[PDB]
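Take a look at this single chain, the form solved without its partner chain, given in structure tokens.
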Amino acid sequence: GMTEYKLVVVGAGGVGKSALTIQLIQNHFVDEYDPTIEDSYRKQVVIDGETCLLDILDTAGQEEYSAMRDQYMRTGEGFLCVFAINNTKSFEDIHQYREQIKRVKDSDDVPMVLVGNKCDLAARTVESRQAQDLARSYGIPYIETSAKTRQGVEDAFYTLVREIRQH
């Protein structure tokens, strides 16, 4: 029947990365979540009139298991590389995440999107122009998201699915 897309969220820990998938998969309109529930990471969606199933892997909290990253990444067809807009170090980490994805997938052209996440009201330290320039240097889209208002969340995942479809 319908196509299933295996998406993988990657990025630095401790800066609200998990809010992206929680807000997507959530009862959009009730702020609640049980991640232990079978298929709290699967969602049927309609993108450009075509129904598909998203299977999202987000291992948030396991960042210290650094030798497991290859195994987790190889499961994915497309990747969201996430940094926090108030944490410059998480932005500087993006280059090495992208290089690792390319190595694991053995391809110089892996579907991926760059996501800048606003996880609190602390001062922004990565300007949108810096992130746009980085994304353009890689040839990938840039999406900014809020961890509190759900703004940008659908755009981030749907843009990635379009990158897979147009690969």
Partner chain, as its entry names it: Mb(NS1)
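Numbering follows the first chain given and starts at 1. Think of the rigid core as the biggest set of C-alphas that the two forms share within 1.5 Å after superposition. Residues that one form lacks are left out of the comparison.
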How about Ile56: is it missing from at least a third of the other entries compared? no
At least a third of the other compared entries leaving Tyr65 unmodelled, is that the case? yes
Could you check which stretch, 45-53 or 64-72, carries the larger mean CA temperature factor in the entry? 45-53
When the Cα temperature factors in the entry are averaged, is it 135-143 or 26-34 that ends up higher? 26-34
Checking the record values for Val126, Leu114, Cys119, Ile101, which has the greatest CA B factor? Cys119
Lowest, middle or highest third: where is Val161 by C-alpha B factor in its chain? middle
B-factor third for the C-alpha atom of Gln130 within its chain: middle
Going by what the PDB entry lists, where does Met2 fall on CA B-factor within its chain: lowest, middle or highest third? highest
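Another form, the form deposited with its partner chain bound, is not on view; read the next lines as being about it.
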With the partner left out here, check for me: in the bound PDB entry, does some heavy atom of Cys119 sit within 4.5 Å of its partner chain? yes
Could you tell me if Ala135 has a non-hydrogen atom within 4.5 Å of its partner chain in the bound PDB entry? yes
Counting only non-hydrogen atoms and a 4.5 Å cut-off, give the residues of 151-165 close to its partner chain in the bound PDB entry. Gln151, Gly152, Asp155, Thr159, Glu163
Among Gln44, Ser107, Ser128, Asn27, which is the residue that shifts its C-alpha 2 Å or more between this form and the one not shown, core superposed? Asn27
I want to check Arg69: does it shift between this form and the one not shown by 2 Å or more at the Cα, with the core superposed? yes
Once the core is aligned, does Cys119 move its Cα by at least 2 Å between this form and the one not shown? yes
Is the C-alpha displacement of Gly16 equal to or greater than 2 Å between this form and the one not shown once the rigid core has been superposed? yes
With a difference of at least 3 Å, the CA distance of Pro35 and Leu24 in the bound PDB entry shows the atoms farther
Against the shown form, C-alpha atoms of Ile37 and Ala84 in the bound PDB entry: closer or farther, for a change of 3 Å or more? closer
Consecutive-residue runs (3+) with Cα displacement of 2 Å or more between this form and the one not shown, core aligned: 14-17, 27-40, 61-69, 119-123
